[PDB]
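This is final_34.pdb (PDB, C-alpha atoms).
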```pdb
ATOM      1  CA  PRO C   1      15.686 -50.459 -61.285  1.00  0.00           C
ATOM      2  CA  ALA C   2      15.167 -52.798 -58.332  1.00  0.00           C
ATOM      3  CA  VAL C   3      16.082 -56.227 -56.987  1.00  0.00           C
ATOM      4  CA  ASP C   4      13.606 -59.107 -56.881  1.00  0.00           C
ATOM      5  CA  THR C   5      12.448 -61.339 -54.034  1.00  0.00           C
ATOM      6  CA  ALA C   6      13.675 -64.327 -56.072  1.00  0.00           C
ATOM      7  CA  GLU C   7      17.306 -63.345 -55.468  1.00  0.00           C
ATOM      8  CA  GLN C   8      19.161 -66.366 -54.100  1.00  0.00           C
ATOM      9  CA  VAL C   9      22.456 -66.103 -52.228  1.00  0.00           C
ATOM     10  CA  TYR C  10      24.350 -69.367 -52.731  1.00  0.00           C
ATOM     11  CA  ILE C  11      26.458 -70.428 -49.742  1.00  0.00           C
ATOM     12  CA  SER C  12      28.783 -73.323 -50.475  1.00  0.00           C
ATOM     13  CA  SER C  13      29.156 -76.063 -47.880  1.00  0.00           C
ATOM     14  CA  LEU C  14      32.729 -74.984 -47.129  1.00  0.00           C
ATOM     15  CA  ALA C  15      31.621 -71.384 -46.575  1.00  0.00           C
ATOM     16  CA  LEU C  16      28.836 -72.420 -44.197  1.00  0.00           C
ATOM     17  CA  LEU C  17      31.161 -74.746 -42.284  1.00  0.00           C
ATOM     18  CA  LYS C  18      33.785 -72.010 -41.920  1.00  0.00           C
ATOM     19  CA  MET C  19      31.191 -69.449 -40.823  1.00  0.00           C
ATOM     20  CA  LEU C  20      29.735 -71.818 -38.221  1.00  0.00           C
ATOM     21  CA  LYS C  21      33.219 -72.705 -36.963  1.00  0.00           C
ATOM     22  CA  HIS C  22      34.175 -69.043 -36.587  1.00  0.00           C
ATOM     23  CA  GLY C  23      30.870 -68.268 -34.881  1.00  0.00           C
ATOM     24  CA  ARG C  24      31.207 -71.104 -32.375  1.00  0.00           C
ATOM     25  CA  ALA C  25      34.818 -70.107 -31.687  1.00  0.00           C
ATOM     26  CA  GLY C  26      33.899 -66.452 -31.238  1.00  0.00           C
ATOM     27  CA  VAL C  27      31.243 -66.813 -28.522  1.00  0.00           C
ATOM     28  CA  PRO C  28      30.452 -65.080 -26.212  1.00  0.00           C
ATOM     29  CA  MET C  29      31.800 -62.171 -28.275  1.00  0.00           C
ATOM     30  CA  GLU C  30      30.984 -61.317 -31.889  1.00  0.00           C
ATOM     31  CA  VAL C  31      33.353 -62.164 -34.731  1.00  0.00           C
ATOM     32  CA  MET C  32      33.308 -61.108 -38.368  1.00  0.00           C
ATOM     33  CA  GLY C  33      34.784 -62.019 -41.730  1.00  0.00           C
ATOM     34  CA  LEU C  34      34.700 -61.200 -45.411  1.00  0.00           C
ATOM     35  CA  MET C  35      32.731 -63.341 -47.857  1.00  0.00           C
ATOM     36  CA  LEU C  36      34.459 -64.358 -51.090  1.00  0.00           C
ATOM     37  CA  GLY C  37      32.322 -65.131 -54.108  1.00  0.00           C
ATOM     38  CA  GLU C  38      30.820 -63.745 -57.296  1.00  0.00           C
ATOM     39  CA  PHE C  39      27.833 -61.628 -58.332  1.00  0.00           C
ATOM     40  CA  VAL C  40      27.121 -63.973 -61.223  1.00  0.00           C
ATOM     41  CA  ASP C  41      23.866 -62.205 -62.154  1.00  0.00           C
ATOM     42  CA  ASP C  42      21.211 -59.867 -60.788  1.00  0.00           C
ATOM     43  CA  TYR C  43      18.933 -62.614 -59.429  1.00  0.00           C
ATOM     44  CA  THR C  44      21.627 -64.409 -57.425  1.00  0.00           C
ATOM     45  CA  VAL C  45      24.944 -63.783 -55.671  1.00  0.00           C
ATOM     46  CA  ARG C  46      27.204 -66.796 -55.136  1.00  0.00           C
ATOM     47  CA  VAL C  47      29.688 -67.104 -52.268  1.00  0.00           C
ATOM     48  CA  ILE C  48      32.298 -69.858 -52.470  1.00  0.00           C
ATOM     49  CA  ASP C  49      34.806 -69.187 -49.676  1.00  0.00           C
ATOM     50  CA  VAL C  50      34.949 -67.127 -46.490  1.00  0.00           C
ATOM     51  CA  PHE C  51      37.860 -66.098 -44.262  1.00  0.00           C
ATOM     52  CA  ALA C  52      37.897 -64.899 -40.669  1.00  0.00           C
ATOM     53  CA  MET C  53      38.869 -61.382 -39.631  1.00  0.00           C
ATOM     54  CA  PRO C  54      41.069 -61.235 -36.517  1.00  0.00           C
ATOM     55  CA  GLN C  55      39.171 -60.041 -33.468  1.00  0.00           C
ATOM     56  CA  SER C  56      39.447 -56.340 -32.649  1.00  0.00           C
ATOM     57  CA  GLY C  57      38.318 -54.149 -29.785  1.00  0.00           C
ATOM     58  CA  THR C  58      36.028 -52.162 -32.080  1.00  0.00           C
ATOM     59  CA  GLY C  59      33.730 -55.169 -32.414  1.00  0.00           C
ATOM     60  CA  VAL C  60      31.820 -55.806 -35.641  1.00  0.00           C
ATOM     61  CA  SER C  61      32.221 -52.503 -37.465  1.00  0.00           C
ATOM     62  CA  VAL C  62      33.879 -50.841 -40.437  1.00  0.00           C
ATOM     63  CA  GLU C  63      37.097 -50.488 -38.422  1.00  0.00           C
ATOM     64  CA  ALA C  64      37.136 -54.248 -37.783  1.00  0.00           C
ATOM     65  CA  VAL C  65      37.872 -54.829 -41.494  1.00  0.00           C
ATOM     66  CA  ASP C  66      41.650 -54.609 -41.254  1.00  0.00           C
ATOM     67  CA  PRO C  67      42.821 -53.158 -44.592  1.00  0.00           C
ATOM     68  CA  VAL C  68      46.310 -54.670 -44.556  1.00  0.00           C
ATOM     69  CA  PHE C  69      45.032 -58.062 -43.380  1.00  0.00           C
ATOM     70  CA  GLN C  70      42.315 -58.138 -46.039  1.00  0.00           C
ATOM     71  CA  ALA C  71      44.762 -57.095 -48.761  1.00  0.00           C
ATOM     72  CA  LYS C  72      47.332 -59.703 -47.729  1.00  0.00           C
ATOM     73  CA  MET C  73      44.742 -62.479 -47.442  1.00  0.00           C
ATOM     74  CA  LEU C  74      43.277 -61.672 -50.858  1.00  0.00           C
ATOM     75  CA  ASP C  75      46.742 -61.510 -52.432  1.00  0.00           C
ATOM     76  CA  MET C  76      47.803 -64.853 -50.953  1.00  0.00           C
ATOM     77  CA  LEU C  77      44.499 -66.550 -51.814  1.00  0.00           C
ATOM     78  CA  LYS C  78      44.699 -65.340 -55.421  1.00  0.00           C
ATOM     79  CA  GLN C  79      47.987 -67.223 -55.812  1.00  0.00           C
ATOM     80  CA  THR C  80      46.451 -70.426 -54.436  1.00  0.00           C
ATOM     81  CA  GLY C  81      43.615 -70.433 -56.966  1.00  0.00           C
ATOM     82  CA  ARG C  82      40.791 -68.417 -55.424  1.00  0.00           C
ATOM     83  CA  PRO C  83      40.736 -65.065 -57.306  1.00  0.00           C
ATOM     84  CA  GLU C  84      37.278 -64.199 -55.990  1.00  0.00           C
ATOM     85  CA  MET C  85      36.060 -60.765 -54.961  1.00  0.00           C
ATOM     86  CA  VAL C  86      34.496 -59.683 -51.674  1.00  0.00           C
ATOM     87  CA  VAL C  87      30.748 -60.183 -52.094  1.00  0.00           C
ATOM     88  CA  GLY C  88      29.930 -59.215 -48.513  1.00  0.00           C
ATOM     89  CA  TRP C  89      30.580 -59.816 -44.843  1.00  0.00           C
ATOM     90  CA  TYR C  90      29.259 -62.001 -42.048  1.00  0.00           C
ATOM     91  CA  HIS C  91      29.188 -61.601 -38.286  1.00  0.00           C
ATOM     92  CA  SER C  92      28.036 -63.885 -35.491  1.00  0.00           C
ATOM     93  CA  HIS C  93      25.113 -62.850 -33.307  1.00  0.00           C
ATOM     94  CA  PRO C  94      25.344 -64.893 -30.092  1.00  0.00           C
ATOM     95  CA  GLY C  95      22.068 -65.464 -28.282  1.00  0.00           C
ATOM     96  CA  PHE C  96      19.951 -62.973 -30.197  1.00  0.00           C
ATOM     97  CA  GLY C  97      18.703 -64.073 -33.597  1.00  0.00           C
ATOM     98  CA  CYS C  98      19.725 -63.010 -37.085  1.00  0.00           C
ATOM     99  CA  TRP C  99      19.059 -59.294 -37.519  1.00  0.00           C
ATOM    100  CA  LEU C 100      20.979 -56.059 -38.065  1.00  0.00           C
TER     101      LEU C 100
ATOM    102  CA  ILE I   1      87.046 -59.299 -39.358  1.00  0.00           C
ATOM    103  CA  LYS I   2      84.207 -61.258 -40.957  1.00  0.00           C
ATOM    104  CA  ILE I   3      82.200 -60.941 -37.749  1.00  0.00           C
ATOM    105  CA  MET I   4      81.913 -57.170 -38.327  1.00  0.00           C
ATOM    106  CA  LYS I   5      80.059 -57.348 -41.603  1.00  0.00           C
ATOM    107  CA  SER I   6      78.184 -60.616 -41.148  1.00  0.00           C
ATOM    108  CA  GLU I   7      77.056 -60.171 -37.552  1.00  0.00           C
ATOM    109  CA  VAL I   8      76.344 -56.431 -37.677  1.00  0.00           C
ATOM    110  CA  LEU I   9      74.222 -56.788 -40.819  1.00  0.00           C
ATOM    111  CA  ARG I  10      72.289 -59.816 -39.570  1.00  0.00           C
ATOM    112  CA  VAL I  11      71.732 -58.427 -36.069  1.00  0.00           C
ATOM    113  CA  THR I  12      70.534 -55.017 -37.266  1.00  0.00           C
ATOM    114  CA  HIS I  13      68.196 -56.754 -39.718  1.00  0.00           C
ATOM    115  CA  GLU I  14      66.714 -58.908 -36.944  1.00  0.00           C
ATOM    116  CA  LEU I  15      66.518 -55.831 -34.705  1.00  0.00           C
ATOM    117  CA  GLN I  16      64.468 -53.914 -37.271  1.00  0.00           C
ATOM    118  CA  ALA I  17      62.214 -56.854 -38.180  1.00  0.00           C
ATOM    119  CA  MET I  18      61.558 -57.668 -34.535  1.00  0.00           C
ATOM    120  CA  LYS I  19      61.043 -53.971 -33.774  1.00  0.00           C
ATOM    121  CA  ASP I  20      58.293 -53.393 -36.320  1.00  0.00           C
ATOM    122  CA  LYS I  21      56.767 -56.773 -35.479  1.00  0.00           C
ATOM    123  CA  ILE I  22      56.706 -55.746 -31.800  1.00  0.00           C
ATOM    124  CA  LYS I  23      55.096 -52.451 -32.791  1.00  0.00           C
ATOM    125  CA  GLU I  24      52.475 -54.416 -34.744  1.00  0.00           C
ATOM    126  CA  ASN I  25      51.817 -56.757 -31.811  1.00  0.00           C
ATOM    127  CA  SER I  26      51.575 -53.863 -29.349  1.00  0.00           C
ATOM    128  CA  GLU I  27      49.194 -51.995 -31.654  1.00  0.00           C
ATOM    129  CA  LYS I  28      47.026 -55.110 -31.969  1.00  0.00           C
ATOM    130  CA  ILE I  29      46.989 -55.525 -28.186  1.00  0.00           C
ATOM    131  CA  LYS I  30      46.148 -51.853 -27.627  1.00  0.00           C
ATOM    132  CA  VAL I  31      43.319 -51.798 -30.169  1.00  0.00           C
ATOM    133  CA  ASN I  32      42.051 -55.106 -28.784  1.00  0.00           C
ATOM    134  CA  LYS I  33      41.982 -53.722 -25.216  1.00  0.00           C
ATOM    135  CA  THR I  34      38.443 -52.384 -25.430  1.00  0.00           C
ATOM    136  CA  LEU I  35      38.323 -49.652 -22.800  1.00  0.00           C
ATOM    137  CA  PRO I  36      35.063 -50.507 -20.858  1.00  0.00           C
ATOM    138  CA  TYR I  37      37.104 -52.800 -18.550  1.00  0.00           C
ATOM    139  CA  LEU I  38      34.455 -54.410 -16.368  1.00  0.00           C
ATOM    140  CA  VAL I  39      35.937 -54.092 -12.880  1.00  0.00           C
ATOM    141  CA  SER I  40      36.511 -57.378 -11.063  1.00  0.00           C
ATOM    142  CA  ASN I  41      38.386 -58.879  -8.125  1.00  0.00           C
ATOM    143  CA  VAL I  42      40.649 -61.932  -8.005  1.00  0.00           C
ATOM    144  CA  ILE I  43      39.123 -64.055  -5.246  1.00  0.00           C
ATOM    145  CA  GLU I  44      41.931 -66.604  -5.514  1.00  0.00           C
ATOM    146  CA  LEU I  45      44.997 -67.498  -7.569  1.00  0.00           C
ATOM    147  CA  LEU I  46      45.704 -71.147  -8.371  1.00  0.00           C
ATOM    148  CA  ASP I  47      48.286 -72.957 -10.475  1.00  0.00           C
ATOM    149  CA  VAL I  48      47.388 -74.654 -13.754  1.00  0.00           C
ATOM    150  CA  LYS I  49      48.659 -69.281 -14.112  1.00  0.00           C
ATOM    151  CA  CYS I  50      44.883 -69.456 -13.680  1.00  0.00           C
ATOM    152  CA  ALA I  51      42.605 -67.167 -11.691  1.00  0.00           C
ATOM    153  CA  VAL I  52      39.073 -67.171 -10.297  1.00  0.00           C
ATOM    154  CA  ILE I  53      37.556 -63.726 -10.855  1.00  0.00           C
ATOM    155  CA  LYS I  54      34.409 -62.355  -9.214  1.00  0.00           C
ATOM    156  CA  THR I  55      33.136 -59.509 -11.360  1.00  0.00           C
ATOM    157  CA  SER I  56      31.388 -56.421 -10.038  1.00  0.00           C
ATOM    158  CA  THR I  57      28.222 -58.013 -11.473  1.00  0.00           C
ATOM    159  CA  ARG I  58      28.305 -60.466  -8.521  1.00  0.00           C
ATOM    160  CA  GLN I  59      29.321 -63.535 -10.537  1.00  0.00           C
ATOM    161  CA  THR I  60      32.570 -65.495 -10.388  1.00  0.00           C
ATOM    162  CA  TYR I  61      34.278 -66.931 -13.472  1.00  0.00           C
ATOM    163  CA  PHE I  62      37.337 -69.156 -13.761  1.00  0.00           C
ATOM    164  CA  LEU I  63      40.012 -67.905 -16.151  1.00  0.00           C
ATOM    165  CA  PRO I  64      41.956 -70.522 -18.152  1.00  0.00           C
ATOM    166  CA  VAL I  65      44.650 -67.865 -18.639  1.00  0.00           C
ATOM    167  CA  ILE I  66      45.524 -64.823 -16.546  1.00  0.00           C
ATOM    168  CA  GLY I  67      45.311 -62.384 -19.441  1.00  0.00           C
ATOM    169  CA  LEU I  68      47.494 -59.393 -20.284  1.00  0.00           C
ATOM    170  CA  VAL I  69      49.092 -59.047 -16.831  1.00  0.00           C
ATOM    171  CA  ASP I  70      51.589 -61.138 -14.866  1.00  0.00           C
ATOM    172  CA  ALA I  71      50.302 -63.785 -12.464  1.00  0.00           C
ATOM    173  CA  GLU I  72      53.191 -63.140 -10.067  1.00  0.00           C
ATOM    174  CA  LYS I  73      52.165 -59.503  -9.594  1.00  0.00           C
ATOM    175  CA  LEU I  74      48.729 -60.554  -8.337  1.00  0.00           C
ATOM    176  CA  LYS I  75      47.072 -61.958  -5.235  1.00  0.00           C
ATOM    177  CA  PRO I  76      43.588 -62.435  -3.792  1.00  0.00           C
ATOM    178  CA  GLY I  77      41.546 -59.252  -3.586  1.00  0.00           C
ATOM    179  CA  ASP I  78      43.239 -57.053  -6.198  1.00  0.00           C
ATOM    180  CA  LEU I  79      41.102 -54.908  -8.487  1.00  0.00           C
ATOM    181  CA  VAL I  80      41.492 -55.884 -12.155  1.00  0.00           C
ATOM    182  CA  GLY I  81      39.655 -54.624 -15.220  1.00  0.00           C
ATOM    183  CA  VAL I  82      38.462 -57.689 -17.115  1.00  0.00           C
ATOM    184  CA  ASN I  83      36.739 -57.757 -20.493  1.00  0.00           C
ATOM    185  CA  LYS I  84      32.991 -57.160 -20.592  1.00  0.00           C
ATOM    186  CA  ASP I  85      32.200 -60.515 -22.222  1.00  0.00           C
ATOM    187  CA  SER I  86      35.454 -62.476 -22.445  1.00  0.00           C
ATOM    188  CA  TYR I  87      35.933 -61.743 -18.713  1.00  0.00           C
ATOM    189  CA  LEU I  88      39.708 -61.874 -19.239  1.00  0.00           C
ATOM    190  CA  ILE I  89      41.954 -59.605 -17.185  1.00  0.00           C
ATOM    191  CA  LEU I  90      43.153 -56.668 -19.281  1.00  0.00           C
ATOM    192  CA  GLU I  91      45.061 -54.593 -16.715  1.00  0.00           C
ATOM    193  CA  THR I  92      45.513 -54.260 -12.975  1.00  0.00           C
ATOM    194  CA  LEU I  93      43.858 -51.384 -11.163  1.00  0.00           C
ATOM    195  CA  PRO I  94      45.177 -49.211  -8.317  1.00  0.00           C
ATOM    196  CA  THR I  95      43.589 -49.465  -4.884  1.00  0.00           C
ATOM    197  CA  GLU I  96      40.220 -47.735  -5.184  1.00  0.00           C
ATOM    198  CA  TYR I  97      38.414 -46.320  -2.148  1.00  0.00           C
ATOM    199  CA  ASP I  98      34.681 -45.660  -2.067  1.00  0.00           C
ATOM    200  CA  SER I  99      33.467 -42.089  -1.644  1.00  0.00           C
ATOM    201  CA  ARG I 100      32.027 -43.024   1.752  1.00  0.00           C
ATOM    202  CA  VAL I 101      35.432 -44.304   2.890  1.00  0.00           C
ATOM    203  CA  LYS I 102      37.138 -41.081   1.807  1.00  0.00           C
ATOM    204  CA  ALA I 103      34.461 -39.027   3.578  1.00  0.00           C
ATOM    205  CA  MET I 104      35.107 -41.211   6.641  1.00  0.00           C
ATOM    206  CA  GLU I 105      38.546 -39.633   7.098  1.00  0.00           C
TER     207      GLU I 105
END
```

Is it possible to express this structure as structure tokens?
Amino acid sequence: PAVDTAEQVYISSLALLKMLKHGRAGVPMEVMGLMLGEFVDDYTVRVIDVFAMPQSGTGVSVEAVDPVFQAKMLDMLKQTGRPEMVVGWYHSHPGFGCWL
Amino acid sequence: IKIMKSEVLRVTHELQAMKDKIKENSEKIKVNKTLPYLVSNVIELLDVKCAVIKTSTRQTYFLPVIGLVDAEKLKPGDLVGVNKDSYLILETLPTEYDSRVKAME
């Protein structure tokens, strides 16, 4: 199988506002956070909420995803009414454009 | 006699909670202290607790906070390892002499 070019990632206004806020707070350094949403179907993934990962010396890496922090945040957000799963991650790229 | 049970239980509980919370805070600080430690000098110290740091990259930045060290144990001219990008002081550095100076002896 394969994915199509028509795949649309839906970013809610709250998610974009939170991501921009975290990015503008992070500068000059790079911050990161986990995206909460749903893979509703194959031709689109929807993100509804996003939460910030506390800054770490590792930077933006696998080790920056604090396991205990992520588990606690997911557990506490599930009680509130957001039982979403982690659809991905975001990280700010100060100065240089959006690439990997 | 009530002070035995009540106070000993409460104080040991606070001791343990504060102890593992201190270990968590210290671990967070240690992991956050990214080792590169761009070497810089404190050109002056001024009250708001704030420092003006000239990095080894020949540029001076003002620091809204001192960082992870104590402002009292600092003065103009000391060598401090600031962050690469945040430029915040992470630890003080012992007096470092250039190789030419050591060869001068």

Q. Evaluating the PyMOL selection byres ((chain C) within 7 of (chain I)) on the displayed file yields which residues, as a list in words?
A. residues 28, 29, 56 and 57 of chain C

Q: Quote the spacing between atom CA of residue 74 of chain I and atom CA of residue 61 of chain I in Å to one decimal place.
A: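 So the two atoms, atom CA of residue 74 of chain I and atom CA of residue 61 of chain I, lie 16.6 Å apart.
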
(Q) Need the shell around segment 40-55 of chain C: protein/DNA/RNA residues with any atom at most 6 Å away, counting only C-alpha atoms. Skip same-chain ones fewer than 4 positions apart. Format as number ranges by chain? (A) C: 7-12, 15, 32-36

Q | Hits of the PyMOL selection byres ((chain I and resi 48) around 9) in this structure, as a PyMOL selection string | A | chain I and resi 46-47+49-50+64-65

Store the residues picked out above, limited to C-alpha atoms, as a CSV table (one decimal), in the frame of the given file.
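See selection.csv below for the written result:
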```
chain,number,residue,atom,x,y,z
I,46,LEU,CA,45.7,-71.1,-8.4
I,47,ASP,CA,48.3,-73.0,-10.5
I,49,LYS,CA,48.7,-69.3,-14.1
I,50,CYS,CA,44.9,-69.5,-13.7
I,64,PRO,CA,42.0,-70.5,-18.2
I,65,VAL,CA,44.6,-67.9,-18.6
```

Q | residue 94 of chain C surroundings by only C-alpha atoms, 10 Å radius, close-in-sequence under 4 positions cut, as a list in words | A |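 Counting only the stated atoms, we get residues 23, 24, 26, 27, 28, 29, 30, 31 and 98 of chain C.
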
(Q) For a test of reading the model, state the distance in Å between atom CA of residue 60 of chain I and atom CA of residue 43 of chain I, rounded to one decimal. (A)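 About the pair atom CA of residue 60 of chain I and atom CA of residue 43 of chain I: they are 8.5 Å apart.
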
Q | Residues near residue 89 of chain I, cut-off 10 Å, only C-alpha atoms, skip fewer than 2 positions along chain, as a PyMOL selection string | A | chain I and resi 33+37-42+51+53+63+65-69+79-84+86-87+91-92

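Atom CA of residue 75 of chain I is positioned 6.9 Å from atom CA of residue 44 of chain I.
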
**Q.** Shortest interatomic distance to residue 36 of chain I - which of I:24, I:13, I:90, I:19, counting all atoms listed in the file
**A.**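 The closest residue to residue 36 of chain I is I:90.
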
**Q.** Explicit residue set for the PyMOL selection byres ((chain C and resi 82) around 12), as a PyMOL selection string
**A.** chain C and resi 36-38+47-51+73-81+83-86

Q) Taking into account only C-alpha atoms, which residue in the set C:14, C:3, C:19, C:39 is nearest to residue 93 of chain C? A) C:19
